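**Q** So that we are looking at the same thing, I have put the structure below in structure tokens.
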Amino acid sequence: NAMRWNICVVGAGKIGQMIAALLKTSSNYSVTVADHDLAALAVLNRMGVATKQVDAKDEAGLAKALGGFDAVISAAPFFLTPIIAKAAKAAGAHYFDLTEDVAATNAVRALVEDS
């Protein structure tokens, strides 16, 4: 069993909830969701998902909050990707940049490249 990939999903919005429920149902993954909003987290707790309060303005805090995870999935706005990726790297976890809104993030990605 305890060979599960241990994932931290940063962001408790819609996509955070979806990827959490997916991971929760899998036999090869463990999931924790980290967010600043305690009501948002309550939702995840009402799904049986482990949660952790974080604050992306406190970078050392965030790094420490991401310790012990195999990977960190952003379910957060694209604009926090630099912060979450840095904390993930500092924590020794692989970083997967899904974001809270894939269409918007993809459009930002296209701008960056239409350059």
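Order determines the names: the first chain of the structure tokens is A, the second B, and so forth; residues in each chain are numbered 1 upward, and ligands are numbered 1 upward as they are shown.
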Just list the residues in chain A DSSP gives helix (DSSP H, G or I) on the backbone, as a PDB file with N, CA, C and O atoms, in the first residue's frame.
**A**
```pdb
ATOM      1  N   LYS A  14     -12.614  24.816  -7.931  1.00  0.00           N
ATOM      2  CA  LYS A  14     -13.299  23.767  -8.645  1.00  0.00           C
ATOM      3  C   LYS A  14     -12.363  22.648  -9.090  1.00  0.00           C
ATOM      4  O   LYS A  14     -12.620  21.462  -8.809  1.00  0.00           O
ATOM      5  N   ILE A  15     -11.275  23.026  -9.760  1.00  0.00           N
ATOM      6  CA  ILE A  15     -10.337  22.029 -10.289  1.00  0.00           C
ATOM      7  C   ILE A  15      -9.613  21.309  -9.157  1.00  0.00           C
ATOM      8  O   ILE A  15      -9.356  20.108  -9.239  1.00  0.00           O
ATOM      9  N   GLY A  16      -9.308  22.047  -8.100  1.00  0.00           N
ATOM     10  CA  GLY A  16      -8.726  21.453  -6.888  1.00  0.00           C
ATOM     11  C   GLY A  16      -9.649  20.352  -6.372  1.00  0.00           C
ATOM     12  O   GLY A  16      -9.210  19.236  -6.085  1.00  0.00           O
ATOM     13  N   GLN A  17     -10.953  20.650  -6.295  1.00  0.00           N
ATOM     14  CA  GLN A  17     -11.873  19.680  -5.810  1.00  0.00           C
ATOM     15  C   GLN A  17     -11.881  18.476  -6.755  1.00  0.00           C
ATOM     16  O   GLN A  17     -11.828  17.341  -6.299  1.00  0.00           O
ATOM     17  N   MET A  18     -11.903  18.700  -8.066  1.00  0.00           N
ATOM     18  CA  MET A  18     -11.986  17.588  -8.998  1.00  0.00           C
ATOM     19  C   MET A  18     -10.753  16.672  -8.914  1.00  0.00           C
ATOM     20  O   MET A  18     -10.888  15.466  -8.844  1.00  0.00           O
ATOM     21  N   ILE A  19      -9.569  17.258  -8.915  1.00  0.00           N
ATOM     22  CA  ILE A  19      -8.361  16.471  -8.971  1.00  0.00           C
ATOM     23  C   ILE A  19      -8.216  15.767  -7.610  1.00  0.00           C
ATOM     24  O   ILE A  19      -7.857  14.613  -7.557  1.00  0.00           O
ATOM     25  N   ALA A  20      -8.584  16.432  -6.532  1.00  0.00           N
ATOM     26  CA  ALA A  20      -8.627  15.778  -5.251  1.00  0.00           C
ATOM     27  C   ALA A  20      -9.497  14.500  -5.260  1.00  0.00           C
ATOM     28  O   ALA A  20      -9.049  13.497  -4.715  1.00  0.00           O
ATOM     29  N   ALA A  21     -10.725  14.567  -5.831  1.00  0.00           N
ATOM     30  CA  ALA A  21     -11.667  13.455  -5.780  1.00  0.00           C
ATOM     31  C   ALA A  21     -11.140  12.324  -6.651  1.00  0.00           C
ATOM     32  O   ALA A  21     -11.221  11.184  -6.261  1.00  0.00           O
ATOM     33  N   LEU A  22     -10.535  12.666  -7.780  1.00  0.00           N
ATOM     34  CA  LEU A  22      -9.878  11.684  -8.643  1.00  0.00           C
ATOM     35  C   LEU A  22      -8.788  10.915  -7.920  1.00  0.00           C
ATOM     36  O   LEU A  22      -8.806   9.669  -7.887  1.00  0.00           O
ATOM     37  N   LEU A  23      -7.873  11.671  -7.305  1.00  0.00           N
ATOM     38  CA  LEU A  23      -6.726  11.104  -6.581  1.00  0.00           C
ATOM     39  C   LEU A  23      -7.199  10.293  -5.392  1.00  0.00           C
ATOM     40  O   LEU A  23      -6.741   9.163  -5.184  1.00  0.00           O
ATOM     41  N   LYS A  24      -8.150  10.853  -4.645  1.00  0.00           N
ATOM     42  CA  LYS A  24      -8.742  10.138  -3.549  1.00  0.00           C
ATOM     43  C   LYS A  24      -9.276   8.759  -3.962  1.00  0.00           C
ATOM     44  O   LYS A  24      -9.064   7.817  -3.236  1.00  0.00           O
ATOM     45  N   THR A  25      -9.929   8.646  -5.110  1.00  0.00           N
ATOM     46  CA  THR A  25     -10.498   7.391  -5.557  1.00  0.00           C
ATOM     47  C   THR A  25      -9.429   6.403  -6.089  1.00  0.00           C
ATOM     48  O   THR A  25      -9.676   5.234  -6.213  1.00  0.00           O
ATOM     49  N   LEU A  38     -10.304  28.667   4.914  1.00  0.00           N
ATOM     50  CA  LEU A  38     -10.754  27.587   5.753  1.00  0.00           C
ATOM     51  C   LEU A  38     -12.173  27.052   5.374  1.00  0.00           C
ATOM     52  O   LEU A  38     -12.436  25.857   5.535  1.00  0.00           O
ATOM     53  N   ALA A  39     -13.073  27.900   4.857  1.00  0.00           N
ATOM     54  CA  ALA A  39     -14.387  27.395   4.362  1.00  0.00           C
ATOM     55  C   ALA A  39     -14.190  26.534   3.090  1.00  0.00           C
ATOM     56  O   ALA A  39     -14.767  25.455   2.944  1.00  0.00           O
ATOM     57  N   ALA A  40     -13.353  27.009   2.179  1.00  0.00           N
ATOM     58  CA  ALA A  40     -13.010  26.226   1.001  1.00  0.00           C
ATOM     59  C   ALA A  40     -12.493  24.857   1.420  1.00  0.00           C
ATOM     60  O   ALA A  40     -12.825  23.854   0.794  1.00  0.00           O
ATOM     61  N   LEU A  41     -11.671  24.812   2.470  1.00  0.00           N
ATOM     62  CA  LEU A  41     -11.045  23.558   2.910  1.00  0.00           C
ATOM     63  C   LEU A  41     -12.117  22.643   3.487  1.00  0.00           C
ATOM     64  O   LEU A  41     -12.094  21.415   3.251  1.00  0.00           O
ATOM     65  N   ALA A  42     -13.066  23.248   4.216  1.00  0.00           N
ATOM     66  CA  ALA A  42     -14.230  22.531   4.795  1.00  0.00           C
ATOM     67  C   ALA A  42     -14.970  21.657   3.781  1.00  0.00           C
ATOM     68  O   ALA A  42     -15.318  20.524   4.071  1.00  0.00           O
ATOM     69  N   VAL A  43     -15.241  22.217   2.607  1.00  0.00           N
ATOM     70  CA  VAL A  43     -15.695  21.446   1.443  1.00  0.00           C
ATOM     71  C   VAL A  43     -14.887  20.135   1.239  1.00  0.00           C
ATOM     72  O   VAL A  43     -15.473  19.049   1.233  1.00  0.00           O
ATOM     73  N   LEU A  44     -13.558  20.242   1.050  1.00  0.00           N
ATOM     74  CA  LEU A  44     -12.656  19.060   0.946  1.00  0.00           C
ATOM     75  C   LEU A  44     -12.734  18.096   2.138  1.00  0.00           C
ATOM     76  O   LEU A  44     -12.657  16.877   1.984  1.00  0.00           O
ATOM     77  N   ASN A  45     -12.860  18.640   3.338  1.00  0.00           N
ATOM     78  CA  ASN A  45     -13.039  17.790   4.506  1.00  0.00           C
ATOM     79  C   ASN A  45     -14.382  17.063   4.435  1.00  0.00           C
ATOM     80  O   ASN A  45     -14.510  15.946   4.931  1.00  0.00           O
ATOM     81  N   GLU A  59       6.467  32.534   1.771  1.00  0.00           N
ATOM     82  CA  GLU A  59       7.193  31.558   0.976  1.00  0.00           C
ATOM     83  C   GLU A  59       7.938  30.455   1.732  1.00  0.00           C
ATOM     84  O   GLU A  59       7.889  29.295   1.315  1.00  0.00           O
ATOM     85  N   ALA A  60       8.593  30.796   2.832  1.00  0.00           N
ATOM     86  CA  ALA A  60       9.272  29.783   3.638  1.00  0.00           C
ATOM     87  C   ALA A  60       8.227  28.868   4.221  1.00  0.00           C
ATOM     88  O   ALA A  60       8.378  27.663   4.188  1.00  0.00           O
ATOM     89  N   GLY A  61       7.146  29.457   4.725  1.00  0.00           N
ATOM     90  CA  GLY A  61       5.971  28.687   5.176  1.00  0.00           C
ATOM     91  C   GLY A  61       5.472  27.700   4.141  1.00  0.00           C
ATOM     92  O   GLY A  61       5.297  26.513   4.425  1.00  0.00           O
ATOM     93  N   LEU A  62       5.279  28.189   2.924  1.00  0.00           N
ATOM     94  CA  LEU A  62       4.747  27.357   1.822  1.00  0.00           C
ATOM     95  C   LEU A  62       5.706  26.221   1.486  1.00  0.00           C
ATOM     96  O   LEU A  62       5.295  25.059   1.374  1.00  0.00           O
ATOM     97  N   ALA A  63       6.983  26.543   1.360  1.00  0.00           N
ATOM     98  CA  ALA A  63       7.975  25.507   1.162  1.00  0.00           C
ATOM     99  C   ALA A  63       7.824  24.401   2.221  1.00  0.00           C
ATOM    100  O   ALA A  63       7.733  23.207   1.891  1.00  0.00           O
ATOM    101  N   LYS A  64       7.747  24.815   3.478  1.00  0.00           N
ATOM    102  CA  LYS A  64       7.649  23.882   4.594  1.00  0.00           C
ATOM    103  C   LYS A  64       6.343  23.125   4.515  1.00  0.00           C
ATOM    104  O   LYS A  64       6.294  21.925   4.787  1.00  0.00           O
ATOM    105  N   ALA A  65       5.276  23.816   4.124  1.00  0.00           N
ATOM    106  CA  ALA A  65       3.995  23.109   3.973  1.00  0.00           C
ATOM    107  C   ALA A  65       4.039  22.040   2.861  1.00  0.00           C
ATOM    108  O   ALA A  65       3.362  21.030   2.950  1.00  0.00           O
ATOM    109  N   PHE A  78      -2.984  31.098 -12.354  1.00  0.00           N
ATOM    110  CA  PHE A  78      -1.708  31.127 -13.049  1.00  0.00           C
ATOM    111  C   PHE A  78      -0.688  32.088 -12.391  1.00  0.00           C
ATOM    112  O   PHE A  78       0.513  31.826 -12.413  1.00  0.00           O
ATOM    113  N   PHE A  79      -1.153  33.202 -11.823  1.00  0.00           N
ATOM    114  CA  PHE A  79      -0.201  34.186 -11.327  1.00  0.00           C
ATOM    115  C   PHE A  79       0.582  33.734 -10.104  1.00  0.00           C
ATOM    116  O   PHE A  79       1.526  34.406  -9.770  1.00  0.00           O
ATOM    117  N   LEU A  80       0.183  32.630  -9.454  1.00  0.00           N
ATOM    118  CA  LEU A  80       0.921  32.079  -8.318  1.00  0.00           C
ATOM    119  C   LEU A  80       1.849  30.945  -8.755  1.00  0.00           C
ATOM    120  O   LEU A  80       2.509  30.347  -7.912  1.00  0.00           O
ATOM    121  N   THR A  81       1.909  30.643 -10.044  1.00  0.00           N
ATOM    122  CA  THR A  81       2.760  29.539 -10.503  1.00  0.00           C
ATOM    123  C   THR A  81       4.248  29.747 -10.106  1.00  0.00           C
ATOM    124  O   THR A  81       4.889  28.825  -9.616  1.00  0.00           O
ATOM    125  N   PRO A  82       4.790  30.965 -10.290  1.00  0.00           N
ATOM    126  CA  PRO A  82       6.206  31.160  -9.886  1.00  0.00           C
ATOM    127  C   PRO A  82       6.445  30.898  -8.391  1.00  0.00           C
ATOM    128  O   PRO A  82       7.431  30.259  -8.015  1.00  0.00           O
ATOM    129  N   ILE A  83       5.537  31.357  -7.545  1.00  0.00           N
ATOM    130  CA  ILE A  83       5.642  31.117  -6.117  1.00  0.00           C
ATOM    131  C   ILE A  83       5.493  29.614  -5.748  1.00  0.00           C
ATOM    132  O   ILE A  83       6.325  29.068  -5.024  1.00  0.00           O
ATOM    133  N   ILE A  84       4.462  28.953  -6.270  1.00  0.00           N
ATOM    134  CA  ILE A  84       4.238  27.559  -5.918  1.00  0.00           C
ATOM    135  C   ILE A  84       5.358  26.667  -6.485  1.00  0.00           C
ATOM    136  O   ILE A  84       5.853  25.771  -5.780  1.00  0.00           O
ATOM    137  N   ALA A  85       5.808  26.937  -7.701  1.00  0.00           N
ATOM    138  CA  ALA A  85       6.883  26.143  -8.287  1.00  0.00           C
ATOM    139  C   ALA A  85       8.163  26.289  -7.452  1.00  0.00           C
ATOM    140  O   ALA A  85       8.893  25.320  -7.239  1.00  0.00           O
ATOM    141  N   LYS A  86       8.434  27.485  -6.978  1.00  0.00           N
ATOM    142  CA  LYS A  86       9.654  27.712  -6.161  1.00  0.00           C
ATOM    143  C   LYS A  86       9.579  26.944  -4.843  1.00  0.00           C
ATOM    144  O   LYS A  86      10.527  26.281  -4.454  1.00  0.00           O
ATOM    145  N   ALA A  87       8.404  26.950  -4.222  1.00  0.00           N
ATOM    146  CA  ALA A  87       8.215  26.294  -2.942  1.00  0.00           C
ATOM    147  C   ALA A  87       8.307  24.776  -3.123  1.00  0.00           C
ATOM    148  O   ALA A  87       8.905  24.068  -2.306  1.00  0.00           O
ATOM    149  N   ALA A  88       7.705  24.288  -4.207  1.00  0.00           N
ATOM    150  CA  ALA A  88       7.746  22.870  -4.574  1.00  0.00           C
ATOM    151  C   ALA A  88       9.199  22.405  -4.778  1.00  0.00           C
ATOM    152  O   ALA A  88       9.598  21.335  -4.310  1.00  0.00           O
ATOM    153  N   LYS A  89       9.969  23.179  -5.517  1.00  0.00           N
ATOM    154  CA  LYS A  89      11.342  22.821  -5.742  1.00  0.00           C
ATOM    155  C   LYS A  89      12.097  22.829  -4.385  1.00  0.00           C
ATOM    156  O   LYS A  89      12.821  21.913  -4.106  1.00  0.00           O
ATOM    157  N   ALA A  90      11.891  23.853  -3.558  1.00  0.00           N
ATOM    158  CA  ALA A  90      12.550  23.933  -2.269  1.00  0.00           C
ATOM    159  C   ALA A  90      12.167  22.727  -1.399  1.00  0.00           C
ATOM    160  O   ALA A  90      12.990  22.238  -0.652  1.00  0.00           O
ATOM    161  N   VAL A 102      -7.655  26.269 -16.790  1.00  0.00           N
ATOM    162  CA  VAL A 102      -6.774  25.792 -17.847  1.00  0.00           C
ATOM    163  C   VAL A 102      -6.895  26.637 -19.123  1.00  0.00           C
ATOM    164  O   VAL A 102      -5.891  26.916 -19.788  1.00  0.00           O
ATOM    165  N   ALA A 103      -8.116  27.073 -19.439  1.00  0.00           N
ATOM    166  CA  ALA A 103      -8.328  27.868 -20.630  1.00  0.00           C
ATOM    167  C   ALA A 103      -7.575  29.181 -20.485  1.00  0.00           C
ATOM    168  O   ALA A 103      -6.829  29.561 -21.383  1.00  0.00           O
ATOM    169  N   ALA A 104      -7.716  29.845 -19.338  1.00  0.00           N
ATOM    170  CA  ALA A 104      -7.054  31.128 -19.142  1.00  0.00           C
ATOM    171  C   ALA A 104      -5.527  30.968 -19.117  1.00  0.00           C
ATOM    172  O   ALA A 104      -4.777  31.794 -19.673  1.00  0.00           O
ATOM    173  N   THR A 105      -5.070  29.925 -18.433  1.00  0.00           N
ATOM    174  CA  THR A 105      -3.649  29.695 -18.326  1.00  0.00           C
ATOM    175  C   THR A 105      -3.097  29.401 -19.726  1.00  0.00           C
ATOM    176  O   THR A 105      -2.056  29.983 -20.134  1.00  0.00           O
ATOM    177  N   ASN A 106      -3.815  28.575 -20.487  1.00  0.00           N
ATOM    178  CA  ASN A 106      -3.375  28.314 -21.858  1.00  0.00           C
ATOM    179  C   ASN A 106      -3.286  29.586 -22.686  1.00  0.00           C
ATOM    180  O   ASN A 106      -2.387  29.703 -23.541  1.00  0.00           O
ATOM    181  N   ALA A 107      -4.203  30.534 -22.449  1.00  0.00           N
ATOM    182  CA  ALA A 107      -4.201  31.786 -23.266  1.00  0.00           C
ATOM    183  C   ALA A 107      -2.989  32.618 -22.836  1.00  0.00           C
ATOM    184  O   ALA A 107      -2.316  33.181 -23.663  1.00  0.00           O
ATOM    185  N   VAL A 108      -2.683  32.633 -21.539  1.00  0.00           N
ATOM    186  CA  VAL A 108      -1.495  33.348 -21.058  1.00  0.00           C
ATOM    187  C   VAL A 108      -0.247  32.695 -21.668  1.00  0.00           C
ATOM    188  O   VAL A 108       0.619  33.391 -22.195  1.00  0.00           O
ATOM    189  N   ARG A 109      -0.193  31.364 -21.636  1.00  0.00           N
ATOM    190  CA  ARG A 109       0.907  30.594 -22.247  1.00  0.00           C
ATOM    191  C   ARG A 109       1.080  30.939 -23.712  1.00  0.00           C
ATOM    192  O   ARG A 109       2.215  31.140 -24.154  1.00  0.00           O
ATOM    193  N   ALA A 110      -0.026  31.042 -24.457  1.00  0.00           N
ATOM    194  CA  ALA A 110       0.062  31.431 -25.868  1.00  0.00           C
ATOM    195  C   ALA A 110       0.638  32.849 -26.078  1.00  0.00           C
ATOM    196  O   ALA A 110       1.499  33.036 -26.943  1.00  0.00           O
ATOM    197  N   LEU A 111       0.188  33.838 -25.300  1.00  0.00           N
ATOM    198  CA  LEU A 111       0.839  35.172 -25.284  1.00  0.00           C
ATOM    199  C   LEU A 111       2.358  35.083 -25.103  1.00  0.00           C
ATOM    200  O   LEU A 111       3.134  35.479 -25.961  1.00  0.00           O
ATOM    201  N   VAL A 112       2.773  34.534 -23.967  1.00  0.00           N
ATOM    202  CA  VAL A 112       4.194  34.343 -23.689  1.00  0.00           C
ATOM    203  C   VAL A 112       4.969  33.802 -24.919  1.00  0.00           C
ATOM    204  O   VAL A 112       6.140  34.170 -25.124  1.00  0.00           O
ATOM    205  N   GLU A 113       4.285  32.997 -25.753  1.00  0.00           N
ATOM    206  CA  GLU A 113       4.914  32.353 -26.915  1.00  0.00           C
ATOM    207  C   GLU A 113       4.702  33.119 -28.202  1.00  0.00           C
ATOM    208  O   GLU A 113       5.522  33.050 -29.096  1.00  0.00           O
TER     209      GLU A 113
END
```
**Q** Could you pull the residues within 6 Å of segment 33-37 of chain A, counting only C-alpha atoms, minus those fewer than 6 positions along the same chain, as a list in words?
**A**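 With the cut-off at 6 Å, the set is residues 8, 9, 10, 11, 12, 51, 52, 53, 54 and 55 of chain A.
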**Q** So the first atom is atom CA of residue 114 of chain A and the second is atom CA of residue 56 of chain A; what is the distance between them in Å, to one decimal place?
**A**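 About the pair atom CA of residue 114 of chain A and atom CA of residue 56 of chain A: they are 29.1 Å apart.
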**Q** Distance atom CA of residue 70 of chain A-atom CA of residue 46 of chain A, one decimal place?
**A**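 So the answer is 24.4 Å.
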**Q** Report the distance between atom CA of residue 29 of chain A and atom CA of residue 7 of chain A in Å, rounded to one decimal place.
**A**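 Atom CA of residue 7 of chain A lies at a distance of 7.0 Å from atom CA of residue 29 of chain A.
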**Q** Contacts of residue 97 of chain A at 8 Å or less, counting only C-alpha atoms, minus same-chain residues fewer than 4 places along, as a PyMOL selection string?
**A** chain A and resi 73-75+81
**Q** Please return as a list in words: the residues of chain A that backbone DSSP assigns to strand (DSSP E).
**A**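 Reading the DSSP output for chain A, strand (DSSP E) covers residues 5, 6, 7, 8, 9, 10, 29, 30, 31, 32, 33, 34, 35, 50, 51, 52, 53, 71, 72, 73, 74, 94, 95 and 96 of chain A.
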**Q** For the selection you just gave me, I'd like the residues written to a file as a PDB file, in the first residue's frame, keeping C-alpha atoms.
**A**
```
ATOM      1  CA  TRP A   5       2.449   8.801  -4.698  1.00  0.00           C
ATOM      2  CA  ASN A   6       1.822  11.512  -2.148  1.00  0.00           C
ATOM      3  CA  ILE A   7       0.368  14.595  -3.881  1.00  0.00           C
ATOM      4  CA  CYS A   8      -0.321  18.080  -2.571  1.00  0.00           C
ATOM      5  CA  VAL A   9      -2.862  20.046  -4.547  1.00  0.00           C
ATOM      6  CA  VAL A  10      -2.476  23.783  -3.941  1.00  0.00           C
ATOM      7  CA  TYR A  29      -2.244   8.177  -4.961  1.00  0.00           C
ATOM      8  CA  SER A  30      -2.628  10.081  -1.731  1.00  0.00           C
ATOM      9  CA  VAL A  31      -3.839  13.623  -1.748  1.00  0.00           C
ATOM     10  CA  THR A  32      -3.729  16.612   0.518  1.00  0.00           C
ATOM     11  CA  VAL A  33      -5.213  19.977  -0.501  1.00  0.00           C
ATOM     12  CA  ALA A  34      -3.589  23.170   0.646  1.00  0.00           C
ATOM     13  CA  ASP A  35      -5.434  26.540   0.547  1.00  0.00           C
ATOM     14  CA  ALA A  50      -6.828  15.808   4.119  1.00  0.00           C
ATOM     15  CA  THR A  51      -6.199  19.539   4.072  1.00  0.00           C
ATOM     16  CA  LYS A  52      -3.672  22.095   5.246  1.00  0.00           C
ATOM     17  CA  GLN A  53      -3.917  25.899   5.505  1.00  0.00           C
ATOM     18  CA  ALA A  71       4.501  16.119  -6.301  1.00  0.00           C
ATOM     19  CA  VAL A  72       2.577  19.355  -6.025  1.00  0.00           C
ATOM     20  CA  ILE A  73      -0.251  20.164  -8.449  1.00  0.00           C
ATOM     21  CA  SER A  74      -1.289  23.782  -8.794  1.00  0.00           C
ATOM     22  CA  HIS A  94       7.956  17.646  -8.558  1.00  0.00           C
ATOM     23  CA  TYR A  95       5.689  20.451  -9.765  1.00  0.00           C
ATOM     24  CA  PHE A  96       2.667  19.983 -12.128  1.00  0.00           C
TER      25      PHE A  96
END
```
**Q** Smallest atom-to-atom distance to residue 77 of chain A: which of A:26, A:13, A:115, A:99, using only C-alpha atoms?
**A** A:99
